[PDB]
Structure formats: C-alpha cells, structure tokens
Amino acid sequence: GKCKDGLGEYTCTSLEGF
Amino acid sequence: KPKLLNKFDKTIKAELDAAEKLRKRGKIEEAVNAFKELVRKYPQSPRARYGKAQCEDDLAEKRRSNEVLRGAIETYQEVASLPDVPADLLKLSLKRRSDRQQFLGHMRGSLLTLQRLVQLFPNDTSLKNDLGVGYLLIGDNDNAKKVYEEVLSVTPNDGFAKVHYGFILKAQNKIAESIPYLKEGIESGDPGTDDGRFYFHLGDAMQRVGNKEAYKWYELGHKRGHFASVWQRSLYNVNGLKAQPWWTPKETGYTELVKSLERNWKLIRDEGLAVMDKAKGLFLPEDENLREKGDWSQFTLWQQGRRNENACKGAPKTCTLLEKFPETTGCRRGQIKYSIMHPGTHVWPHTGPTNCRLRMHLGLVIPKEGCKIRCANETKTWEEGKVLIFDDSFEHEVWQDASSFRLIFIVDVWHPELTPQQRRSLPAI
Ligand SMILES: O=C(O)c1ccnc(C(=O)O)c1
Ligand SMILES: [Br-]
Ligand SMILES: [Mn+2]
C-alpha cells in the first residue's frame, strides 16, 4: 500500500531510524 | 502522581534517586553506569531496570544511534518480566517500548507490545486506540476497524476513535458513512484529532457526495497549519518550495528532459502501444479509489526511484532514454509510467501526497475532444508529442469523454528548488 496519486494510506512514508 | 516504586524499591529509593538525578542533568554516561550498578546489585528491581532503559533511550538521542535505542527496547521489555512491577511503571515501560519500536520502523513488533498492553490493562481506552494505530501502520484495516468499534461501543464520545473509524470507513469507500465520524471526531478536539489527514479526507468525502461544506474544512485545515493553502493540500511537504498549479519547461529548469520527451515521443508511444497489444497485463488498474467511474490503468517503469526491470522489458528504448535523467529516475517521491484512460471516466478531485515533485504529462494518443485535466481553477488539454507540467499537490481533476482511448506518459521530477542533500535524504513516497 503506497501513496502514488493520493493520500489513501494512513502513513505514506516507511521511515526507519534517526 | 505515578507510583513507580514497589515495596522493595522504596527501601533503596536514595540510590535510585541519586542515579535518576544524574540522568536528568544530562550526565547520561554516568547515569547508565549507575543504573547498571543498581541492576547487578538489585537484579529484581523494576525501577532500577527502568532507569537503565531510560538512560539507554536518552543515550540513543545524544548518539543518534538506532542500535543504542534497540538495546533500550529490550530493557523496557525486561522491566515487564520482573516480579511485582507497579502498574504505572509497567504501562510506562511497555508504552515507551512500542513508541520507540514504531520510531525505528518495527511496526510488527510494536503490535505485539500493544496487544500485550491491552491484555494487561483491559479497561484503558487509550491503549485500545493505540492498538488500532498499531494495526493501521502495518496495513491491517480490518483489525483496526474492530478495535475502534470496540472502543466506540464502550465510549461513544471518544473523538480519537471517531476520526480513525471515519478514516477507515472512507478508505473502504463508505463515503457517506465516514463523514459524521470524521466531522464529530475533529469537532471533539480530543488529543490526536487535530491531524491534517482527517481534514483532508473529510473534505474529500464531502466533495464526492456533493456537500458544499467541504471547502470550509479545507480552510480550517489551512488555518491550523495542516495545508499550505486551500488548493494545495499535500501532507508530506518541504516548506518554502515555490507553489503554483502549472509550470512551463523553462520554470522547471528541466529543459533537456522535456526536449528528449518531445523529440522522441513517437518511440515512447509505440512501445506503450506494443505493450497494450501484446502484454496488456502489464497495465494495472488504478487502485487508490480515485475514480467516480470509467476505466483507468497504468504501466509503471519507475517507482520510488527504483527501476522495474521486468516492466522495462516492454519499453526498453524508453527506459534507456530516461536513464540519462536522474532528476526523474532518482525521484523517490514520484514514478514513471504510461497511463491509459478510456471514455466514460471521471477522476474525483484529488491531491497528491507531497509537494516535493512536479508531474510531466507527455501526450501519446490524444483524441480530438473529450479529454481534459483541471489543476486548481485552470483546465487544460493534452497534445500528442507535447509535455504538460503541473504540481499535483494542488487539487486536480480529470475527465475522459472521447470516443476512443487516451494514452499519456507520466514523468515525475524532484521539485527544482530541492537541494541535492534533500533529494538524497527525503524518505521515499
Ligand atoms: O493519467 C491521468 O489521466 C491522471 C489522472 C489524474 N491524475 C494524474 C496525475 O498525474 O497525478 C493523472
Ligand atoms: Br510479464
Ligand atoms: Mn493525480
């Protein structure tokens, strides 16, 4: 589930760490 | 207020306080060693173990190290394994463990902790809300929905559960049903309800049902700093980037990319048509619930700055042509893709996730009439062999009312004002 054209996902980034 | 000392820890409060005072003064290195000393001497002490964890946590901040924080995560777990742990300390330790697991990106591990927290504290509503978030982060909307349904049956007025229930409903295309939950949840003012996501989706849901009140919520979101403007409603933004709906090639500075697309547009078209004829499965339907009606599919060559090797088999010359332009192939917040749209199609007004990209549309097969795209308050049409450029973080809308298919090529580029360091560091979208 990725945000390509819209903002449908609860979070669009998958951050890890500092 | 919070009682963190069991019977025995009260007898060693002086030692525990002496160590804690060192940590509060930022003397992390000394405080770590002091609590490690207390852990060896009092291996069953929950407060001694919690202090070791907190000191490891603060050390990760000062060091900016993941591995230091990962060690703290295990120590926070160790606190919960000890005997006779006070309830306040038990909750603080495992909550901070979850929060730091999510910070590091360990969403699956954060869930287990959150499930355990709910089992240990069945009457804490806020922990159930936190569990629902845990589910939403791994993409488990079904379980997240149950959690917020459970919360709302016990606490119908919980605003946090409402916005999140509304958000889940809207993602399920239950547009009408989501509106009262999103609206009542934001109006509640509870902690966590003042979030751009709920403003963004409440206004979208209203637009889809014909409610004219949608833009009032856009204005309020803008007024509370979630949206750069009423028209530009992206949520993953780098502030200060020039914001306008439509761009010219000169304004973007990517003139060489544009020239290459327009000069070679026929080969780009032909490889797309060959995929349509002999490998149509490579075109995948749009899967973001952006259509009111119609047929819309995309054939993606690059996403999040990563080349799709198998996809490029179908457009090898196009992929070779684009390799020369890292401003698009390296755009980890954009894609490169063919987009086919057929008659009878209407794309809801919508906004992209980030203001860090610009969108280039190269016309490949454009029927004479029926195809148009609106960005902000201005509507334009494609042309075969010509590039349109717009900032899709502005609201935009598309129609297809021709008598045959419309094919375009979409090339995303970094916002020109983004620095090289920013282009390398910004998380991918
Ligand atoms: O391919 C399209 O017609 C389309 C529709 C809506 N949005 C976009 C976009 O590039 O953001 C493209
Ligand atoms: Br294939
Ligand atoms: Mn779009």
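Just so it is clear, chain B uses Swiss-Prot numbers, and the residues here are 330-758, in order.
Placement of Cβ uses the backbone N, Cα and C atoms for every residue, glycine included.
Listed by Swiss-Prot as binding 2-oxoglutarate are B:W625, B:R688, B:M689, B:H690, B:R735; the candidate from B:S668, B:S754 that the record includes in that site is B:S668. Here B:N706 (N-linked glycosylation site) is positioned 50 angstrom away from B:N452 (N-linked glycosylation site), judged by their C-alpha atoms.
Annotation for B:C641 (disulfide bond): spatial neighbours B:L630, B:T647, B:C648, criterion Cβ-Cβ under 8 Å with sequence separation of six or more. Taking all protein chains in view, 9 other C-beta atoms sit within 10 angstroms of the C-beta of B:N706 (N-linked glycosylation site). According to DSSP, B:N706 (N-linked glycosylation site) is assigned to coil rather than to any helix or strand.
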